[PDB]
Amino acid sequence: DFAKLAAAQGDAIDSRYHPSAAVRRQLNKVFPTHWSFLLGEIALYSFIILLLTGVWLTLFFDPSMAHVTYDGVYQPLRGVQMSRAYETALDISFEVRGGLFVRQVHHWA
Amino acid sequence: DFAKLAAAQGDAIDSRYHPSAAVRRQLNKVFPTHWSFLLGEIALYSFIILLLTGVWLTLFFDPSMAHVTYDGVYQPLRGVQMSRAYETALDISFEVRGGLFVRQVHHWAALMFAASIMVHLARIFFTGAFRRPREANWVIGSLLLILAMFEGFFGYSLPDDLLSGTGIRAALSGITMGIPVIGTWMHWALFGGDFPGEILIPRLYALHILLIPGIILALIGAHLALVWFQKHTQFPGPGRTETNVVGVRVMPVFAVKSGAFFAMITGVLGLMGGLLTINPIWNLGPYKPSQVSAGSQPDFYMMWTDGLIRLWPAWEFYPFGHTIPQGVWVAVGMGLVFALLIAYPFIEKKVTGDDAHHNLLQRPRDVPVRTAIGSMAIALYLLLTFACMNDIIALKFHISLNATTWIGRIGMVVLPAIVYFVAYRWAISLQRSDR
Amino acid sequence: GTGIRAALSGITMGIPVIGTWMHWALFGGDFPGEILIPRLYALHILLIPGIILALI
Amino acid sequence: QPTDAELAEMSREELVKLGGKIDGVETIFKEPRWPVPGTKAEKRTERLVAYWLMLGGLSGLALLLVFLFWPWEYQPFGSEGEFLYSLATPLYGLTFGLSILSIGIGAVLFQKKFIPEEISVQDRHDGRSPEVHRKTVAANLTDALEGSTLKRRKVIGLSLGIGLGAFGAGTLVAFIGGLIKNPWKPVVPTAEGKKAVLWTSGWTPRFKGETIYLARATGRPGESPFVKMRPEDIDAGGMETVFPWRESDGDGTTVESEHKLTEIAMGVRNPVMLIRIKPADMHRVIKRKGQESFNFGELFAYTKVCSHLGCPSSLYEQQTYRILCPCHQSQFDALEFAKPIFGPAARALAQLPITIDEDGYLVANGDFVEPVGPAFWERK
Amino acid sequence: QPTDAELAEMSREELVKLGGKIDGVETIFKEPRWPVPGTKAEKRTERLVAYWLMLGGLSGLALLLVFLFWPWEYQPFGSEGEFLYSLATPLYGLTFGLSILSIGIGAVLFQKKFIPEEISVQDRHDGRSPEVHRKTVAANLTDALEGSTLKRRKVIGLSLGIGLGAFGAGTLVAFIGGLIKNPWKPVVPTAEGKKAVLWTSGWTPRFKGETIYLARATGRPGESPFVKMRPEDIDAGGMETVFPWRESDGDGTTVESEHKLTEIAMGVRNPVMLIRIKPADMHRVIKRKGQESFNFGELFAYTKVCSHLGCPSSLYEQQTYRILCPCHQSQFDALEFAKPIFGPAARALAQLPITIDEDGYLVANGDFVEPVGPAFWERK
Amino acid sequence: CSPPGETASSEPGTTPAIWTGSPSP
Ligand SMILES: CCCCCCCCCCC(=O)OC[C@H]1O[C@H](O[C@@H]2[C@H](O)[C@@H](O)[C@H](O)[C@@H](O[C@H]3O[C@H](CO[C@H]4O[C@H](CO[C@H]5O[C@H](CO)[C@@H](O)[C@H](O)[C@@H]5O[C@H]5O[C@H](CO)[C@@H](O)[C@H](O)[C@@H]5O)[C@@H](O)[C@H](O)[C@@H]4O)[C@@H](O)[C@H](O)[C@@H]3O)[C@@H]2OP(=O)(O)OC[C@@H](COC(=O)CCCCCCCC[C@H](C)CC)OC(=O)CCCCCCCCCC)[C@@H](O)[C@@H](O)[C@@H]1O
Ligand SMILES: CCCCCCCCCCC(=O)OC[C@H]1O[C@H](O[C@@H]2[C@H](O)[C@@H](O)[C@H](O)[C@@H](O[C@H]3O[C@H](CO[C@H]4O[C@H](CO[C@H]5O[C@H](CO)[C@@H](O)[C@H](O)[C@@H]5O[C@H]5O[C@H](CO)[C@@H](O)[C@H](O)[C@@H]5O)[C@@H](O)[C@H](O)[C@@H]4O)[C@@H](O)[C@H](O)[C@@H]3O)[C@@H]2OP(=O)(O)OC[C@@H](COC(=O)CCCCCCCC[C@H](C)CC)OC(=O)CCCCCCCCCC)[C@@H](O)[C@@H](O)[C@@H]1O
Ligand SMILES: CC(C)=CCC/C(C)=C/CC/C(C)=C/CC/C(C)=C/CC/C(C)=C/CC/C(C)=C/CC/C(C)=C/CC/C(C)=C/CC/C(C)=C\CC1=C(C)C(=O)c2ccccc2C1=O
Ligand SMILES: CC(C)=CCC/C(C)=C\CC/C(C)=C/CC/C(C)=C/CC/C(C)=C\CC/C(C)=C/CC/C(C)=C/CC/C(C)=C/CC/C(C)=C/CC1=C(C)C(=O)c2ccccc2C1=O
Ligand SMILES: CCCCCCCCCCCCCCCC(=O)O[C@H](COC(=O)CCCCCCC[C@@H](C)CCCCCCCCC)COP(=O)(O)O[C@H]1[C@H](O)[C@H](O)[C@@H](O)[C@@H](O)[C@@H]1O
Ligand code: HEM
Ligand code: HEM
Ligand code: HEM
Ligand SMILES: CCCCCCCCCCCCCC(=O)O[C@H](COC(=O)CCCCCCCCCCC)COP(=O)(O)O
Ligand SMILES: Cc1c(OCC(F)(F)F)ccnc1CSc1nc2ccccc2[nH]1
Ligand code: FES
Ligand code: FES
């Protein structure tokens, strides 16, 4: 069952692209195991998290400098004149479920 | 000596990266020199022009929907309340040097981008390049057509003019808000409320400039990598076998030929972007929900859906205190069209029964069934494209005001059948013309 | 906004000869202007991350 | 395969063949374009290519000149500089596209008239791998799975699947959980409690007995003060556009009033088309079951928003009493309660009850008896 | 290089070794983690890995549950739901973070306790490529240039270089020319003609004799954010920020009035600090040349914009008479015409001449005698 | 199908009464 499907898909992939010699070369490549060698992965992983959280933030952010009057739920800033960029940044952290968590994860990342 | 410098730099590169074996294989790659094989080059080259011009436009565009009062140099719209999206679009065209030229080149590049995909898709369909082992590349390409379909629509709505805003209300909002069970949940989700809302343009701006191009660029990279390693097919001819490629090497023929073709595409796009005016947004003013213009100019890369809306009869269902409006048919119609287009080789191999390796392109006359079907599909697309300019067509014969759509209703089944029969008969005649 | 006003504006405008021309080309006039945030938004979501991804 | 001794004495012509043989490329025919150097035709062709390339530089220099020294600022229609401005963008594209188009033309001519013509055959090794890479890569993947002993440890395997599935389900829900909004969450304050957005419009009363006027727009709606009207303001067969305006909405003089007036014009279900039919046509008028006493005399009030997809139908034929939607060309018979007669529209336009107040101004007698605008799943 | 029949008779271990040898990789050490079967330690270690994976699944399910049902909406200060709301985001990170962290911990443990320990050696084969590849790739590139006849056709080569250079220069100028703006274009209407932006501010008179009031920000948005001020409103040792306000600016009730007041608030060179020196300290005041009469008695007005980089230097110490900039720690001696005495500031703050009108309201007695804000190349 | 909540009526319509207006605030 599960073994036949893998064999069938493997042959199907190999028949159309013949990536057997190349893939085996990538599987056999040797990397040193030193702890300090993992320091470049931390930056790479942080960038990936930044891409994922950054895409989420673009769905709610309006980067305008036009001045508007705040009408959100945050009482200490009700009526205060502000730009649309500051308007939606408050909206992300107060009016969107998980927006505060995502915005904080992005900046920590 | 320049040769001394070139040898030293080549020595330095080889000593550090040793790419001589890899580079030589890349330089010796052989590509067929058929004219129809440049169809995909134009689409790829137009995308690059869109990337370069789109970057320039992002430096002056504000995607905000916030209401502002115009204070630019355009006298007719002085003091008119508009959104930041419309004002900056006006700012690009008038108060930025070369902004109108870049704005029109970008729009013309999109039209050439969309047109090239459909023309290149026809070559793949008619010549049978979608067969094994190039079935997965057809699926990847089909996704590219769909992504480029919505990418142009989102960009056309970015200026938030009167014409573009009306299309959002009818197509993006009207059709979506009438989809069974989840249609209003999809509307409160994309629009973040009711039309128009305040996050429409900013959400589309992020999707149009960043997210969709990122997926398209990734899919294009996988598309180009597949063709490069799958050794692009060739037409049958003298010396052409199923286990060889006949053409020219990368150096120095194909590289110069492809590079010079890039200049012509850029040169042609620059000529149309400067001499031919496209999408004049200042003549219509900002979008207002209470105002809709009569005389418009919709794009041809997303009109077939509009033509299907008009031609389809007002058939609605009201099951148990509910409503299924006429817009559901068009939304469902796009689903079947996209589904059939994506999974054509799998259906084609199921009915023809051939699942063998193919490297030689099949002649269009050889298969009259597929040829006629492609001609029928092309014909059906054209009437649907031409079914939405009924406003001008009506004032040509004057036999009736409403009989124009009845021509479309009746003529969306007869003319495609006629085109199918003519193409099918032509293929057989051409088959035995030289046989 | 205080950080932008000092670092991005005062230092840029204090550069000799072409320092004020660079400030006008980037802010679209005087600080704060009306196009800084959208331009920074584009640079931050597409251009600089796009260059970083290519370099990575 | 050859040693370093052979490579020293190999010429360039044989080295190219040797490199192609390794890659599987066989250049079966290579011929120079000019077999006899010194002919005038070769010199003439060289000058033609140079002319195309030189024309690219001349046009490229023109692009720099026209971009700098040319009137580019926008000029109004009917002005001295209007003609020169209209040629600014065309010259930008004429000096740019033609500059690089000619360069590309001069390169194509060079490649097919000076670069030697060649036809090379490359052997394509398509299909399956030669049974040596297939076995090794299959063993490499199988050894990793079998060596790790993951197959025979069900407690780890099931936990890994459940653990990854639970984390994935939570992350995916939390990623899109902020883009899910209930469309029927009561948010609009009405006369009877709070209703959903779709069930309400600008004509929905906010308290019992509220007066809403059929106000005209002095200029652009939302930017000019709204003015009340009386029945003696529309001629026979005329058409007028009205908006829901309250006395407390102001006339746009103040900032708060300007925001209120903008919201009235921003309303997607706010516009209403007011039509007065001639007295010699009231006989051929068919009412609707529920809207028999909605009209005031020969004045009728139908919503301007089309029932098909939401386009405000602005066109109106006074001769035939037909309402035409400019988007998909739908006609509504205003005589027969604005029912659709042709096009993709299937539902009649909603009718707003109207009357007059003590001062004679036209007012709305109530709210719509049905939802306004395009239909949805939970409608009626 | 084995044959097809030999590969079919090879075990998985030999095929892995053959593939590694083909790839140039030799595994010198490879042993299972548990050579002795049926041990309690192996079962104990198996449960340890599963426990961490189970924790990840439980936390992932918890993340799904808290995101759907925990109260997430903002609650005002002093409300009953404020405490629960303050734990909404903390619960999101605790459940999400612990879930994937536990999965990562289990994956590390599985590798270190069940995946066999291996040591592999791979030959680098780095450095210079084999001479067969170097000669062939060099010949391929050389044959293209030596056979394209481009080198010996100088008119074509010069034309291509000039044409590409001219087109590149043209397209570069057109691409960046739109961003270029002249800093010193006179666009600001003043009392003596149009002036550049950097030479003007809100205190620059738009006509001779224009009355500009020292207005105080009331802190409320709209409804007169700026009101007139009197000398007796500020006590000795006090400091207050003032803005340039005119009669025509209005109280912000009208839409045009709000925009005019918004421009005053966002003017970068607008804010001015008004300080009242203690009368006992008036003998310590040192006047700047050309500014001896810029103070109305014991009231002094200095620009709020720091001369170093433009930050608002508003940390006024009443006793030491020091104006401290919070950005880079610049200090100005308010008694000695705001002369800098510490930090990176080298120029004194500009002094605004002030006086009173017939009604007793503090007004500006002219414009600044020097540019306000950070310095630039064209200054003084 | 035809919309169930859309049918013609034959009963004559009466002139609407004048509007008075009850102020809530
Ligand atoms: C399986 C699919 C195949 C099809 C078969 C299955 C479905 C067939 C079964 C039923 C079904 O369809 O359910 C799905 C739907 O559910 C929810 O719809 C229900 C209901 O159906 C709607 O019709 C109803 O309209 C909704 O009430 C809203 O309006 C109410 C008022 O309206 C009535 O009046 C309207 C017009 O008239 C009035 O107009 C205005 C109203 O004030 C005023 O002007 C005025 O008052 C006027 O009245 C006049 O009246 C008289 C005149 O003579 C006189 O008195 C006066 O003169 C006066 O003026 C009519 O037009 C309407 O028709 C209606 O009659 C308000 O009262 C409410 O407050 C609110 O605003 C209501 O919502 P609720 O009660 O909030 O929630 C309940 C719950 C749903 O229950 C279920 O069974 C769910 C399970 C079954 C469905 C599938 C889901 C489960 C499967 C699994 C999840 C799969 C793994 O929610 C939910 O869990 C929904 C969650 C999302 C869906 C997930 C799918 C899965 C996701 C992945 C695919 C909404 O969420 C819809 O979006 C959603 O589609
Ligand atoms: C090579 C580098 C090494 C260094 C050495 C070389 C440079 C050293 C050589 C010189 C040099 O530096 O040039 C470069 C610069 O050039 C241009 O600067 C010049 C000048 O220098 C500036 O000081 C001057 O300020 C500019 O006038 C503006 O203000 C004027 C007023 O101001 C005077 O008053 C100020 C304050 O007082 C008044 O304040 C307000 C003014 O109204 C009012 O409140 C009030 O009136 C008040 O007055 C009071 O007065 C009395 C009190 O007692 C009483 O009467 C009353 O009580 C009253 O109240 C002081 O603070 C100021 O100092 C000044 O004294 C206005 O009059 C103008 O209208 C305008 O607004 C002026 O501009 P213009 O005339 O427009 O243009 C001319 C032309 C430049 O000529 C050149 O030589 C260019 C060639 C040499 C430079 C290099 C370029 C060439 C090389 C190749 C290109 C390389 C391949 O332009 C251009 O081509 C510039 C193009 C861009 C540069 C490209 C570089 C290449 C790009 C790639 C790198 C600007 O473009 C600058 O950005 C630029 O840096
Ligand atoms: C004023 C203003 C602001 C306007 C807007 C700004 C704007 C948009 C500016 C545009 C600027 C642009 C785009 C500049 C273009 C300049 C340009 C291209 C100049 C070249 C001129 C010139 C000297 C020509 C020849 C010299 C030369 C050798 C250089 C060209 C270099 C190039 C482009 C070589 C490409 C080589 C190559 C391998 C590519 C082929 C295509 C790719 C990517 C692979 C896909 C592919 C595959 C996989 C096939 O198998 C295949 C088989 C059969 C046919 C086609 C293909 C095929 O294309
Ligand atoms: C015989 C045998 C067993 C042999 C072994 C098999 C073997 C060895 C392998 C060889 C291959 C074979 C033969 C095996 C079978 C392969 C197989 C299973 C085939 C399937 C593969 C396949 C077809 C490809 C998958 C591609 C893929 C990723 C899926 C995409 C899914 C689809 C269909 C997407 C389309 C849906 C879509 C985009 C519709 C949205 C439209 C809607 C509803 C939106 C509404 C809507 C909106 C919202 C607008 O904005 C709008 C704007 C303007 C106008 C209108 C609209 C509008 O209507
Ligand atoms: C036990 C119940 C759930 C089962 C468990 C499994 C979960 C399945 C996945 C769903 C996760 C999303 C949860 C969102 C949270 C939740 O519970 O929402 C409630 C919404 O009603 C509901 O229960 C409806 C349930 C989910 C229906 C989803 C709707 C259908 C699809 C079609 C929607 C389109 C999405 C795109 C994918 C489709 C692509 C098609 C190709 C309350 O709405 P409300 O509070 O009004 O709105 C607030 C804002 O105001 C506030 O800004 C903020 O945005 C939130 O707070 C928001 O909730
Ligand atoms: C975006 C930031 C960066 C990322 C994501 C990144 C990623 C990596 C990774 C994953 C590796 C291999 C693992 C390792 O040795 O640590 C690596 C290696 C390397 N990186 Fe970075 N890197 C970044 C920045 C830098 C910087 C700032 C430098 C030096 C200025 C640098 C120079 C190198 C070099 C020389 C290597 C060689 C690896 C080696 O020989 O051990 N990288 N990088
Ligand atoms: C974004 C749009 C697309 C771009 C930029 C693109 C680009 C290209 C390019 C440059 C080639 C090189 C060979 C040639 O041009 O003929 C190519 C080949 C190919 N494209 Fe496209 N393509 C696109 C869309 C599609 C579509 C819509 C299909 C089919 C649905 C498709 C299927 C293929 C196939 C099968 C090949 C190679 C077939 C063969 O080897 O003969 N592509 N594509
Ligand atoms: C990839 C395919 C693309 C298509 C088909 C496309 C198409 C369009 C179209 C039709 C418009 C409306 C043009 C007009 O205003 O008249 C537009 C606008 C715009 N495009 Fe693109 N575009 C694409 C890619 C991009 C990319 C990658 C960017 C990235 C910056 C971009 C940036 C913009 C901007 C900023 C606007 C709006 C400003 C304006 O309307 O002038 N585009 N696009
Ligand atoms: C989203 C899914 C996309 C496709 C993923 C496919 C994952 C399953 C791969 C199954 C491999 C079959 C191995 C096998 O023993 O069957 C073999 C199939 O034949 C092959 O050698 C296939 C070579 C190409 C495999 C490349 C796969 C690369 C995946 C990398 C994963 C890290 C059967 O050989 P055998 O008779 O056992 O000697
Ligand atoms: C030097 C420089 C820069 O250089 C611009 C050049 F091109 F002109 F050189 C660009 C951007 N930032 C910096 C410095 S950081 C900084 N952060 C601050 C926060 C508050 C106050 C002051 C601050 N200063
Ligand atoms: S929008 Fe009125 S007819 Fe389609
Ligand atoms: S900004 Fe005031 S010290 Fe630098």
Side-chain angles (χ1 to χ4, degrees), chain B residues 45 48-49 51-57 59-60 91-106 108-109 259-260 262-277, chain C residues 17-18 21-22 24-26 28, chain D residues 49-75 81 83-107, chain E residues 155-185:
Chain B
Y45 286 169
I48 291 165
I49 303 294
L51 290 182
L52 293 180
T53 54
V55 163
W56 193 97
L57 293 167
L59 303 180
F60 310 91
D91 285 336
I92 289 166
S93 312
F94 294 125
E95 293 83 3
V96 180
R97 202 195 290 231
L100 185 53
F101 166 67
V102 175
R103 226 191 33 95
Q104 291 182 358
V105 162
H106 194 73
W108 275 123
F262 193 162
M264 293 180 183
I265 296 301
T266 302
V268 161
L269 272 179
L271 276 178
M272 320 174 42
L275 286 152
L276 312 181
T277 298
Chain C
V17 173
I18 57 118
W21 285 81
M22 285 163 67
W24 245 247
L26 161 82
Chain D
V49 170
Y51 289 164
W52 274 114
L53 291 176
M54 206 45 90
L55 188 153
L58 183 63
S59 173
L61 188 153
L63 166 64
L64 190 140
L65 287 194
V66 301
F67 197 80
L68 298 176
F69 319 105
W70 184 266
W72 79 273
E73 279 106 348
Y74 160 79
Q75 295 297 109
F83 179 60
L84 284 188
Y85 156 69
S86 57
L87 292 181
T89 301
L91 285 174
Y92 291 160
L94 183 66
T95 54
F96 165 82
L98 184 139
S99 177
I100 189 63
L101 178 53
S102 53
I103 284 180
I105 285 170
Chain E
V155 72
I156 284 178
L158 278 157
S159 291
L160 179 66
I162 287 171
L164 274 172
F167 167 72
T171 188
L172 183 72
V173 166
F175 200 88
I176 191 167
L179 287 156
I180 305 304
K181 281 179 164 286
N182 183 21
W184 307 113
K185 173 177 280 301

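Any value given below was found using the heavy atoms of this structure, including those in side chains, with hydrogens, waters and symmetry copies removed. Letters go in sequence order (proteins before strands), and every chain restarts at 1.
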**Prompt:** Of all residues at least two apart in sequence or in a different chain, which pass the side-chain contact (heavy atoms from CB on, under 4.5 Å) check with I49(B)?
**Reply:** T53(B), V105(B), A109(B), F262(B), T266(B), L269(B)
**Minimum-distance pair of heavy atoms, taken over all atoms of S93(B) and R103(B)** = OG-NE, 3.2 Å
**Counterpart residues, side chain to side chain donor-acceptor pair (under 3.5 Å), relative to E95(B) (two or more places apart)** = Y70(B)
**Request:** Rounded to the nearest 0.5 Å, what's the gap from CZ on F167(E) to CG on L172(E)? Could you check?
**Result:** 11.0 Å
**Fill in**
Shortest non-hydrogen pair, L271(B) vs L101(D), comes out as CD1-CD2, 4.1 Å
**Item:** Nearest atoms (heavy-atom pairs only) where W21(C) meets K181(E)
**Value:** CE3-O, 3.4 Å
Determine all donor-acceptor pairs shorter than 3.5 Å in which one atom belongs to a side chain in residues 87-98 of chain D; sequence neighbours excluded.
{"residue": "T95(D)", "atom": "OG1", "partner": "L91(D)", "partner atom": "O", "Å": "2.6"}

**Request:** Can you measure from CD1 (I103(D)) to CE (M264(B)) and round to the nearest 0.5 angstrom?
**Result:** 11.5 Å
**Request:** Measure the spacing between CG of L53(D) and CG of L58(D) and express it to the nearest 0.5 Å.
**Result:** 13.0 Å
**Fill in**
Residues passing the ring-ring contact (aromatic ring centres under 6.0 Å, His included) test with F60(B), sequence neighbours excluded, are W56(B)
**Message:** So, taking the atom named OG in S159(E) and the one named OH in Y51(D), what distance separates them when rounded to the nearest 0.5 Å?
**Reply:** 10.0 Å
**Prompt:** How far apart are the closest heavy atoms of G104(D) and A260(B), and which atoms are they?
**Reply:** O-CB, 3.5 Å
**Prompt:** Is there side-chain contact between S102(D) and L55(D), with at least one heavy-atom pair below 4.5 Å?
**Reply:** yes
**Message:** Does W72(D), at its CH2 atom, have more than 12 non-hydrogen atoms belonging to other residues, nucleotides or ligands within less than 6.0 Å?
**Reply:** yes
**Asked** To the nearest 0.5 Å, what is the distance between OG1 (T171(E)) and CD1 (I100(D))?
**Response** 8.5 Å
**Asked** By side chain to side chain donor-acceptor pair (under 3.5 Å), which residues pair with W70(D), not counting sequence neighbours?
**Response** none
**Request:** Please name the pair of heavy atoms, one in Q104(B) and one in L276(B), separated by the smallest distance, quoted to 0.1 Å.
**Result:** OE1-O, 3.3 Å
**Prompt:** Who passes side-chain contact (heavy atoms from CB on, under 4.5 Å) against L68(D), sequence neighbours left out?
**Reply:** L64(D), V173(E)
**Asked** What pairs with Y74(D) under ring-ring contact (aromatic ring centres under 6.0 Å, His included), at least two apart in sequence or on another chain?
**Response** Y74(B), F94(B), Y85(D)
**Asked** What is the distance from atom CD1 of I180(E) to atom CE of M22(C), rounded to the nearest 0.5 Å?
**Response** 10.5 Å
**Asked** Partners of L51(B) by side-chain contact (heavy atoms from CB on, under 4.5 Å), sequence neighbours excluded?
**Response** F47(B)
**Request:** Check side-chain contact (heavy atoms from CB on, under 4.5 Å) between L61(D) and all other residues, then give those that pass, not counting sequence neighbours.
**Result:** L65(D)
